[PDB]
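Novice: Provided herewith is a single structure, encoded as structure tokens, for subsequent inquiry.
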Amino acid sequence: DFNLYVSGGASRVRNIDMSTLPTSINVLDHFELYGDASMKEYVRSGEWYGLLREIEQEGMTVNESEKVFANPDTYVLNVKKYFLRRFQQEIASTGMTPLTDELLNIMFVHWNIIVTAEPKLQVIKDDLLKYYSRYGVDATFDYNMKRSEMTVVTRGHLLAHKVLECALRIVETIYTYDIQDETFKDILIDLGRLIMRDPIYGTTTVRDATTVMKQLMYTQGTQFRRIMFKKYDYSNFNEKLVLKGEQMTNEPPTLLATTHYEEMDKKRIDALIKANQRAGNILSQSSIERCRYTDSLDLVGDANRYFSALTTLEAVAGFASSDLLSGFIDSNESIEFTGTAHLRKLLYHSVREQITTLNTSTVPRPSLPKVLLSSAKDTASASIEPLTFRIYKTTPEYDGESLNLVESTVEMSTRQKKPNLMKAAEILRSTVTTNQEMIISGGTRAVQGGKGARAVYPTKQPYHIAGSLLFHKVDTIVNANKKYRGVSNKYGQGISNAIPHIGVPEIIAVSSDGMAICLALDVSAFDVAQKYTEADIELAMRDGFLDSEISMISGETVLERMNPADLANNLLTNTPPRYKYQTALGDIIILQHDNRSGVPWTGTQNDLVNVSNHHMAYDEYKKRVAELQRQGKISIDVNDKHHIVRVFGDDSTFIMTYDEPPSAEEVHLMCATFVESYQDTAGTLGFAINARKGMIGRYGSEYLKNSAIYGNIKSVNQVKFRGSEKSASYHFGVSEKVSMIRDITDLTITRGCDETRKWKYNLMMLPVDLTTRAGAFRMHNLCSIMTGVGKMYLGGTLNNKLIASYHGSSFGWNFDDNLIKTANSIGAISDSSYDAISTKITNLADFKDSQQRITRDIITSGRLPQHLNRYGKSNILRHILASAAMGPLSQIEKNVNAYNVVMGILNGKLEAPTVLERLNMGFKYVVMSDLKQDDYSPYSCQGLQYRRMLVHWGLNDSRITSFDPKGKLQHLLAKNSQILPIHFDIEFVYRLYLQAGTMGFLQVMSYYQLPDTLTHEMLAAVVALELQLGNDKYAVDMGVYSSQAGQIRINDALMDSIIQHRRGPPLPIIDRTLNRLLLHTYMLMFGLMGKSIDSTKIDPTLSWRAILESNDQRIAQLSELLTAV
Amino acid sequence: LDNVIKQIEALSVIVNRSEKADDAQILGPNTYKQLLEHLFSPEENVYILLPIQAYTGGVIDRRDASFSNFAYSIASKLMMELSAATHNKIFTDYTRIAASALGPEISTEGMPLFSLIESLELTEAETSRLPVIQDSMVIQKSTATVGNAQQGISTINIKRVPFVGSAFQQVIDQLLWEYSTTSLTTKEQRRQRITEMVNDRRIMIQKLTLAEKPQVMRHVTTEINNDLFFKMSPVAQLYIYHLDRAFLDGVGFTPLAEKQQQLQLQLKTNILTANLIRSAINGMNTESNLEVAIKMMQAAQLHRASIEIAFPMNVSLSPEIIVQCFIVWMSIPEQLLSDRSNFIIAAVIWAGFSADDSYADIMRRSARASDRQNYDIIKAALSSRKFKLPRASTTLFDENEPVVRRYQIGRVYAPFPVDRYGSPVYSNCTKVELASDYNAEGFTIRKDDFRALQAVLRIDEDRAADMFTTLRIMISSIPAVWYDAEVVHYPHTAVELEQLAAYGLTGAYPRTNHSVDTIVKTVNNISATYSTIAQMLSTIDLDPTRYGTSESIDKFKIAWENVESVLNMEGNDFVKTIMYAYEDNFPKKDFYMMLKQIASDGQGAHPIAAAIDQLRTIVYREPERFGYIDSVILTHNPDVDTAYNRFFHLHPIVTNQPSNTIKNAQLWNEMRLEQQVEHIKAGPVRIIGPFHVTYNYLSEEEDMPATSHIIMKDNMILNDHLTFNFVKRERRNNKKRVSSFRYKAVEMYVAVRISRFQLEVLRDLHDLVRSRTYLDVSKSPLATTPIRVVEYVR
Amino acid sequence: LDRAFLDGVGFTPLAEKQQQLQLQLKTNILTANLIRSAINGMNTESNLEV
Amino acid sequence: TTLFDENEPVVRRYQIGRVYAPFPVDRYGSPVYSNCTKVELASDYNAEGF
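Residue numbers (the deposited numbering), protein chains in the order written: chain A, 301 to 1425; chain B, 61 to 854; chain C, 303 to 352; chain D, 454 to 503.
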């Protein structure tokens, strides 16, 4: 009956007190009516009510919509409840540790450590202490760990928590980044004290100033230290880059904003004075004088760290959001259609032509049973809809020995994505995929930087299933990963993205070469912008699948009873559904015509549209350039030859090459001409480009959050594990904590941070964190535990696990690894706790639905169920029902294991030697020489020694030859499709190996119709993975790279050359992948010390024992076949 | 700014909807309409039939004042109006009195004779003659012959009933009777023609009762035989391909895993030993089986659209290429491949078994012009006592399904090497013995590997019933004359080697779930949509001279408009999509020329084409009934002709000889004032252009002074309607002299008059009766429930 | 005179030509058909002068 | 292409001439080809490597 729309004024909640003017009840008429100025008078808004009520007394229809509006009563609300509800969906607080520990631990016991180095930081403590002393009491952090989620509860102030968050993140950022220049840590302190007062709204207020500061940041320079690469062929996507040398140059980069310097200077100065005016009068003259220091830097020494450090301060507050209703209101208003039908026809024809050329192929299409299990694997946040009638947790759980031991059972349901594979019976058969004004629930996500609220539109299961089948052949070619001068080249959807050198080679090269320019324009809300052209692009999608498809339309509405062509008529028919989400004071629904979100083709649609209007913009930009050439401006002989457009979803880039490089002002003229051409030719139908929004220009290109200037990569980091969102790290196990504690920080140091201070600060809370709760049993782990996971403090940020472990016999370190193993590996009992079918059966046609051809019938291939029943062809779904539900009881299996880990140190358990060091591996006759000692590396933010290692061996390439067993077997599995059985993934292989050792794995899979050679190869890969590190649910799922180890070329290309040729027989793969991995680790460590190995013998007196193994091992494999047991 | 996407409908739905209704087989009763007469009598034994306008349309040609165009426009529009009232009707119903012990069946069909007493003021003497008129209009029966040589020659019984009215009424009724009863026939001839057309004894048509034999039915102008389908050949290939595409919804291929397992059991080599034949078929999928099956069926039907294989090699070979070529050689029959494909695969096979010849030289020497002889001599070399490689072949099947259709069918090849028994068919011999192994730049194939390959490519022997039902429904539903059509779209006959090899390895066959009736209905729809345009062209455009085959391309846009309009008439959608999809291979010009040839060969234009021509003469003859006249005369001081004073007291009719006539109106309108006064001073002046004139007949009781002839506003402008006034002389006042005051007291100095006028006078009341013809439903009743086959007897 | 009298030009856009080319030639991806690749990289805004 | 000398009569003062058709099409819509039509060739285009 009423709702509040607020934009700009208070779109994000701010620090206000619940007691000054709570104003228990208020009349909303005080503000204004959004739709009509005339209908706003509250008196008329009441006399109308009176007249209509008197008419109703006689008897009238009295339409409820018109009647209740005129009642002045309806405009009543209580401010306290509104503010509380707004806060309790807006700000999230999960983090890793509660702040009450971080508050005193970093400010009242270890403060002397912080102050002794940087004295400027006393102001933050001054501000915090005065804030606590002045008001008092209102400062509140009572955490409510009711079930497993920490929820803050505000009392005195609404944003009091974020204030503390910012105050702590300021000192965190200043300490870890080792700034070695004056006035820069100063300007950081002033920006921090500006964001101090208003923790969320101030973030957006200073976001403008910070981003425009990051825009130029280097124009007025004196030296730059250009990085030189080999010529790169922009045409072949597979091309790689190798470094060649340096050269010192005084020429400033010729980016944009030299034309609009004043337009941005005034804009940022206005933003800063706006922030200051409401703030505490921080001497604006100092701010205006100091902000001009940021662009008088140079790319030498320790100044490269500053750009990375500045972005970290931008995300000081963590994971705030914006109101959903307000955003959905304005984003749908700033779109203009006014244009010609010729442009619409061009768009339609381009899309239809581009779909037709991709659909026709020989790529196979997976069947429905396979695609169903692929959907569960996707676990899209939108797609997940867990539902379980009742999973009784009758688990007998040991209880705290506060006085006496107790055994108790408490039921619990769901807690994991439940695919409703039971309801697949109905989904496979009767299920119509058409939309008619139905309502679905809507979820929202949050981002760092406080930019705004991102909405996800989940779709029903039938739609997601049907969609995957229709676009499988388009999605595969687009995500080829390996493509060579193919028409697909244009799309970059398939990249690692995890590391920048391999993922986006073109941008770095285009940034150093002077004979090309880069166009990195970005658009406004792209998904909303298509709401006026959706009817045409979707129509083009529809008729593009009618041709190039041999099947014809037959008009069916039931899944599995439809042709590939039939799906298109039903699925691509516009008419989007309606979405219901929860907001303050009510819940609102909407209808979005456009690409939507959870649609099984959003990325394909976005890249098809993005690559379409680019051609039409270039077509007219060519005409404008030709016009300028005939007159006297750009001049003749400045004509491009090859232009390449690369699209990754919404974001896109444009690279043009030249034979003679145009002078500096020519680049400005042509860039301005292009940006003016796109804004009228490719922006008249909703799209909006701004020259001031993208790093358009020369000598520097900017892809998605990774940008490079003068061959120097300027990664943005901005990762915050300490204050994460949508997590339960406070209730995580010790294993998950120690896995997260080591890899996020590794990324932080990799993307620019001093290794010493960051790890010093991290070590200041290792006892305060990792405090497991075991029913009146508290632990406090010390620095030693990080050795077990494979980190050496005295070493670099390198995974020195195996080398430590071998030497982890005399110098302790033999305890922590066993501790983490007993914390994790005993979850294999949870795996061994399979849940049988008992309470319900249903259509149970699923088991008939999923089947794979067999060799040893169903009563063979393993005489004993010890390795037969658990991987049964017949039991496929029995197995995956439990293998899809570890977590919902793994969270409490961790809780019970918390008892066992304490009991290990209580008893004589643990302290035993490991099993890895029992096997004897090593080399003989190693030749060792000095490292190169030169520092030119494209990663200027990292430490000096790491740069020295990189130049000696060069950049890593192909990201596959380097083992990295996390992704090697995944790549093998991807390349192995169409022979694989139905249920297969990394998780299944890893769990099967863990359960069945090295015998049962080979036994079960050798009877599952797979060839021996590649199964043996990926078995070697998986044992290498299991010996590289332990379990860790986070590590095995998805996976995490060793970073520094993947950006240095130590792949098998040269690793083969290092190993001296052997005379004897070819060694088996079970040990070659082990000894070469040991050699790789040895190569990475000695180099940090300063020497390199160029020759190595295999120590064949150990190689013969290794060749003896298979001799009697193959014999065991074949002998058990010889008997029909 | 808003668009709604329309979901397309399946082909079967459109075909079913097209046959739902709108068919011209069943007729219905109808009766003649009466036209206004308004007759009167001035004195004894004279009766006047005043012509009264009967159709107010017609519009003047502003250009050239052409006379032929005006009449043609009037006649055409009036005919199109009339033909909408007898769409599916024949005149049978009429008003009789009785036939009971009195005089025989008499009729009262025109206006009642009783009203004539008041309408004509008869005296006592002439009233006695009305009963004899009423009692003397008996009904006469006769016969007529309908039907052409192509149909039967039936006889029907017709009545001829008198009625009272005008002669113009009689001629209009005669024209309607002629137009309504073209292409009529009886049931007893339709049945005979139908059983003659369906020669299958298994199908028997419902026998006719004795009361249904003389029933009357409407047949088509010209039957549709093989001749119409024979002229379809330039574009028949597209229709065949789309028909096969629309009714082959699936394929019965065995899964590849079973084939791999069957191969594994046959190979004698160890599991650990690597063998290339086993490792080559593993890189195959069956996901393109439907397309290859459709193409193979099309190649089986038309012997010109042989499959052309596209290979991924240029000079060198590869392990997969050899095994795929062997699979094609041993599985795909040779009658379904072009000569080039046969030669290519034969050369690939022969390059390994030859002692000295290689691949590159054996392709660089031979020429693609005469590859057939090379293929033949290579095949002979592979059938000697040193080498024996069987080559898959096929034969012709003539099996026909029982269904009602109008066109002959023929023989097609089969898309599989089976001969109705599980054993396959080979051209040379069913044995695999070779002198040595296979070697060509490496890639040796062991001796027994070929023997193993032969043992797996065998048909499952179980699916034979399904494997033949589709061939049954496909042989007997495609006209035979299309089998010689050429190929107009190359991509419909091009497949890659891997797809063909995968298709042949699994032994797939086309399969379907539809029946035979749907396909024949679709073919009938095609024929109907071609015949519609054929007769439209033959009735509108067909003209030998005057822009025939030599005209500017500008004029083609005018001609194409009618065909485009007809191709969008809710039921012709099958041809329209084919046209708009394959324009670039078959452009509009040749299609239009082919349609012109089809229409010119032989085709009934329409019953209306001759009807308008016959009606134009009637329009010419009597202008008054159609509300127009020509050559009005302007004069002052006119004179009467004294020849119509016997009927009217005063009339606008004069007899002055014209002088200095004006070409046409709008020239007198704008000439000048006091300049046209000199024209009228010298004498009468005549205006030639035809006008839209309405006559008003009044009695001697009142006046209607419209008189809008001439308006003076600084000129003498003629009007556009020119209504005239008559006064009737009746028996009530015929000896009275009208003063002729109101006629001139309401007109002006310049008078407008009419030169000629037509009326019919009669001397005896007997001459007021005319005749019309009917159908006599008593002996030749209208038919219902057309001829049908027997099924669901209960 | 020709420049001043031939005010405009008439031509179908390249998108239509690419569409018709793909309709007239069905080729599967991963075969290196350079006819498609070469034509797919053209612009036609220089039509008045020609 | 061929010569073309069809013109609309109109009063003038200077001489008139014949011009080549820059259009490969004839007056009656049929294409004009110098030697032969229905392109066909019994080989493949073998450039150096293309």
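C-beta: ideal position from N, C-alpha, C; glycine also.
Mind listing, in chain order, the continuous alpha helix (DSSP H) runs of no fewer than 4 residues lying wholly within the region 1394-1423 of chain A?
Specialist: Within the region 1394-1423 of chain A, the complete alpha helix (DSSP H) runs of at least 4 residues are 1400-1422.
Novice: Hey, is the region 1227-1237 of chain A in contact with the region 1376-1394 of chain A, meaning 3+ C-beta pairs nearer than 8 Å?
Specialist: Yes, the region 1227-1237 of chain A touches the region 1376-1394 of chain A.
Novice: Whole angstroms are fine: how far does the CA of residue 243 of chain B sit from the CA of residue 843 of chain B?
Specialist: Cα to Cα, residue 843 of chain B sits roughly 15 Å from residue 243 of chain B.
Novice: Could you tell me if residue 543 of chain A is buried or exposed, where buried requires 16 or more neighbouring beta carbons within 10 angstroms of its beta carbon?
Specialist: Per the 10 Å Cβ criterion, buried.
Novice: Would you tell me roughly how many angstroms separate the C-alpha atoms of residue 817 of chain B and residue 807 of chain B, rounded to the nearest one?
Specialist: Computed Cα separation, rounded: 21 Å.
Novice: Does any residue of chain A bring its CB to less than 7 Å from the CB of residue 326 of chain C?
Specialist: Not closer than 7 Å to any Cβ of chain A, the Cβ of residue 326 of chain C fails to qualify, so no.
Novice: Which residues, in order along the region 415-429 of chain B, keep a beta-carbon less than 9 Å from a beta-carbon of chain D?
Specialist: The residues in question are 427, 428 and 429.
Novice: Here's the rule: buried if 16 or more other CB atoms are within 10 angstroms of the residue's CB, otherwise exposed. What is residue 169 of chain B?
Specialist: So residue 169 of chain B ends up on the buried side.
Novice: With which residues is residue 1305 of chain A paired in a DSSP beta bridge?
Specialist: BP columns for residue 1305 of chain A are empty, so no partner.
Novice: For residue 340 of chain C, go through chain A and note every residue whose CB falls closer than 9 Å to its CB, in chain order.
Specialist: Residues of chain A passing the Cβ test: none, with the nearest at roughly 11 Å.
Novice: Can you tell me which of A/620, A/539 and A/986 puts its alpha carbon nearest to the alpha carbon of residue 1257 of chain A?
Specialist: Cα-wise, what sits closest to residue 1257 of chain A is A/539.
Novice: Who are the neighbours of residue 777 of chain A on chain C, taking C-beta pairs under 7 Å?
Specialist: In chain order: 331.
Novice: For residue 1209 of chain A, name the three-state secondary structure that DSSP assigns.
Specialist: It is coil, neither helix nor strand.
Novice: Following the continuous beta strand (DSSP E) through residue 277 of chain B, name the residue where it begins and the one where it ends.
Specialist: From DSSP, the beta strand (DSSP E) with residue 277 of chain B extends over 276-278.
Novice: Hey, residue 787 of chain B and residue 689 of chain B are a contact pair by Cβ (cut 8 Å); roughly how many whole angstroms apart?
Specialist: In fact, because the Cβ distance is near 19 Å, the residues do not count as touching under 8 Å.
Novice: Report yes if the CB atom of residue 893 of chain A is closer than 7 Å to the CB atom of residue 838 of chain A, and no otherwise.
Specialist: For residue 893 of chain A and residue 838 of chain A, no; Cβs fall outside 7 Å.
Novice: In terms of alpha-carbon separation, which member of A/466, A/434, A/451 and A/1403 lies closest to residue 1369 of chain A?
Specialist: If we check each option's Cα against that of residue 1369 of chain A, A/1403 comes out closest.
Novice: Under 7 Å between the Cβ atoms of residue 1321 of chain A and residue 1269 of chain A?
Specialist: In this structure, residue 1269 of chain A lies closer than 7 Å to residue 1321 of chain A by Cβ.
Novice: Can you grab the Cα-Cα spacing for the pair residue 86 of chain B / residue 62 of chain B, in whole Å?
Specialist: The straight-line gap from Cα to Cα measures roughly 45 Å.
Novice: Is residue 482 of chain D close to chain B, meaning its C-beta is less than 7 Å from at least one C-beta of that chain?
Specialist: Closer than 7 Å: yes.
Novice: Return the Cβ separation of residue 394 of chain A and residue 824 of chain A in integer angstroms, given the expectation that the two are a contact with Cβ distance under 8 Å.
Specialist: That belief does not hold up - the Cβ atoms of residue 394 of chain A and residue 824 of chain A are roughly 31 Å apart, past 8 Å.
Novice: Tell me the rounded alpha-carbon separation between residue 1333 of chain A and residue 1193 of chain A.
Specialist: Cα to Cα, the separation comes out at about 13 Å.
Novice: Quick check on residue 315 of chain B: does DSSP put it in helix, strand or coil?
Specialist: Three-state result, residue 315 of chain B: coil.
Novice: Mind listing which residues of the region 343-373 of chain B have their C-beta closer than 7 Å to chain A's C-betas, in chain order?
Specialist: Answer set for the region 343-373 of chain B: 345, 347, 348, 350, 351 and 354.
Novice: Is any beta-carbon of chain B found at less than 7 Å from that of residue 1411 of chain A?
Specialist: Taking Cβ atoms only, chain B never reaches closer than 7 Å to residue 1411 of chain A, which makes this a no.
Novice: Answer yes or no: do residue 1017 of chain A and residue 599 of chain A have a C-beta to C-beta separation smaller than 7 Å?
Specialist: Result no, Cβ atoms of residue 1017 of chain A and residue 599 of chain A do not sit closer than 7 Å.
Novice: Give the interface partners of residue 612 of chain B over in chain D, defined as CB-CB distance under 8 Å, in chain order.
Specialist: 480 and 481, listed in chain order.
Novice: Measuring alpha carbon to alpha carbon, tell me which of A/607, A/331, A/618 and A/376 ends up nearest residue 1024 of chain A.
Specialist: Closest by alpha carbon: A/618.
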